[PDB]
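Counting neighbours? That spans all protein chains shown, and the Cβs are built from the backbone with ideal geometry, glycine included. Readers should treat all values here as calculations from the given coordinates under stated rules, not as data from a laboratory.
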Amino acid sequence: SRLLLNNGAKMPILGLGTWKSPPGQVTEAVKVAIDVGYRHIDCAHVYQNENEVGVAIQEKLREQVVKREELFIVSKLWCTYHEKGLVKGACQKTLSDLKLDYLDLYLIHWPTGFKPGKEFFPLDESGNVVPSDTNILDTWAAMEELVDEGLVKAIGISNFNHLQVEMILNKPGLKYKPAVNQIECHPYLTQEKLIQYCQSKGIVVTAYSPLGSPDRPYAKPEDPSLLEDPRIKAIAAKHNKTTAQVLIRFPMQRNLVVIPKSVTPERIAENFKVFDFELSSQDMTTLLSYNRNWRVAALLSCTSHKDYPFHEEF
Ligand SMILES: NC(=O)c1ccc[n+]([C@@H]2O[C@H](COP(=O)([O-])OP(=O)(O)OC[C@H]3O[C@@H](n4cnc5c(N)ncnc54)[C@H](OP(=O)(O)O)[C@@H]3O)[C@@H](O)[C@H]2O)c1
Ligand SMILES: O=C(O)Cc1ccccc1
């Protein structure tokens, strides 16, 4: 039900994602989620809805439905705030929008640093993304002091390949190990090598886009759909469960934290009923065989960035 992190904290294996969740629908979505039983919410400054997520959290706290210690709130540092002096300020902005005094987990959203400014994806006259000269090690040291100041209880990373994780682990004077590495994971991108590597170093893996993210903006009619895969429908039918429920239970049995997104009350409730059944070892091996190495989030505009994470095998 909860996984143990290297800072001694317990992280709910199931959480609610908020990317693409409209500001006018997410407050109600988070409220319903908390009522249903969710104790983990995944957020990010770049989602432009943290203020609205925060309204939900504050309402449930005032209502006594949950106490702060029961909730596990996660947010992420955007690429335009990688410089030393900007990290504390970005965390503080997120804390105010969410209306909390500490975050349970703060992740470096992407290993790529962009030029600071108002634009999330700063461009030049040619049209490509302008990088920052900062590196992963300097940004990590800034994340470490947020723990020393009490702003966050744990720090982690997101979309980091194995070599980038190595860099941090082998950094001189390392004070806090990354507690979590949140990566894209589902049956079409199983990530067996990155997962095995992270797990061997005591780093918890969080799987994002577990349903294949059918609502991504760059969606094409010829792209593969997990929710409609006949082979996955068969396994679901065999268990008297929905395909989404199977796609959510899949990573849990691999000892991964899963964070499916939804703004629909019935779906939010449906996605929660995944603790009452088990996928057989055969079901797990079969699902793993469906890997096509297909990524939903490839950050294609940063293919030339010095820190792009997807050139390495894992
Ligand atoms: N760290 C990173 O770089 C990063 C990147 C991507 C995502 N994430 C996190 O991962 C979270 C989840 O990934 P995601 O948002 O890309 O997509 P996802 O959870 O894989 O899929 C969300 C989509 O599936 C639909 N859905 C949810 N439950 C369903 C069900 N039971 N039956 C049918 N359809 C269902 C949702 O529709 P409705 O909402 O309409 O119900 C929505 O369209 C994000 O919100 C975010 O918090 C992190
Ligand atoms: O990185 C993410 O979580 C998804 C995302 C893609 C493009 C713009 C904002 C967020």
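Among residues of the range 116-136 that are more than 15 Å from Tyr81 (Cβ to Cβ), those with a Cβ under 7 angstrom from a residue that is assigned to a loop (DSSP other than H, G, I, E, B) and among the β-branched types (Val, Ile, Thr), sequence gap 6+ or separate chain, pair up as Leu123/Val130; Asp124/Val130. The single condition from (1) over 19 Å from the mean Cα position of the chain (by Cα); (2) crowded, with 18+ Cβ neighbours inside 10 Å that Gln245 fails is (1).
Just for the range 284-314: of the residues that are surrounded by fewer than 18 Cβ atoms within 10 Å (Cβ to Cβ) and in a helix (DSSP H, G or I), which one is nearest to the chain's Cα centre (by Cα)? Restricting to residues being surrounded by fewer than 18 Cβ atoms within 10 Å (Cβ to Cβ) and in a helix (DSSP H, G or I), the top hit is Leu300. Looking at the range 133-143, can you tell me whether even one residue there is closer than 15 Å to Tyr176 by Cα and in contact with a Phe, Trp or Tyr (Cβ under 7 Å, 6 or more places away or on another chain)? Yes, that holds for at least one residue.
In this entry, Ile155 passes the filter for residues that are farther than 30 Å from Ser225 by Cα, under 20 Å from the mean Cα position of the chain (by Cα), of a type outside the set (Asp, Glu) and crowded, with 17+ Cβ neighbours inside 10 Å. List, please: which pairs have Cβ atoms under 7 Å, are six or more places apart or on different chains, and start with a residue in the range 69-94 that is farther than 19 Å from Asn159 by Cα and end with one that is of a type in the set (S, T, N, Q) and within 14 Å of ligand 1 (Cβ to nearest atom)? The qualifying pairs are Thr94/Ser75. Restricted to the range 1-100, the set of helices (runs of 4 or more DSSP H) holding at least 1 residues that are closer than 22 Å to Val274 by Cα and away from ligand 2 (no atom under 16 Å from the Cβ) comprises 23-36. Is one or more of the residues making up the range 209-218 part of a loop (DSSP other than H, G, I, E, B), in contact with a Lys or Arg (Cβ under 7 Å, 6 or more places away or on another chain), within 11 Å of ligand 1 (Cβ to nearest atom) and touching a residue at least 40 places away in the same chain (Cβ under 8 Å)? Yes; the residues of the range 209-218 include at least one that is part of a loop (DSSP other than H, G, I, E, B), in contact with a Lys or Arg (Cβ under 7 Å, 6 or more places away or on another chain), within 11 Å of ligand 1 (Cβ to nearest atom) and touching a residue at least 40 places away in the same chain (Cβ under 8 Å).
Among the residues of the range 32-78, those that are polar (S, T, N, Q) and on the phi < 0 side of the Ramachandran plot comprise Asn49, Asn51, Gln58, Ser75. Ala298 fulfils the conditions (1) in contact with a strand residue (DSSP E or B) (Cβ under 6 Å, 6 or more places away or on another chain); (2) within 12 Å of ligand 1 (Cβ to nearest atom) except for a single criterion, (1). Looking only at residues in the range 182-202 that are without any contact (Cβ under 8 Å) to a residue 40 or more places away in the chain and either in contact with a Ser or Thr (Cβ under 8 Å, 6 or more places away or on another chain) or not in a helix (DSSP H, G or I) (or both), the one that is farthest from ligand 2 (Cβ to nearest atom) is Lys201. For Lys171, the conditions (1) within 13 Å of ligand 1 (Cβ to nearest atom); (2) closer than 24 Å to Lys76 by Cα; (3) assigned to a loop (DSSP other than H, G, I, E, B) are fulfilled apart from (1). Please determine, by comparing only the residues of the range 101-153 that are more than 15 Å from ligand 1 (Cβ to nearest atom) and part of a strand (DSSP E or B), which one is nearest to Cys302 (Cα to Cα). Ranking the candidates gives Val129 first. Here is the figure for the range 219-237: residues that are part of a helix (DSSP H, G or I) and free of Cβ contacts under 8 Å to residues at least 40 places away in the same chain total 5.
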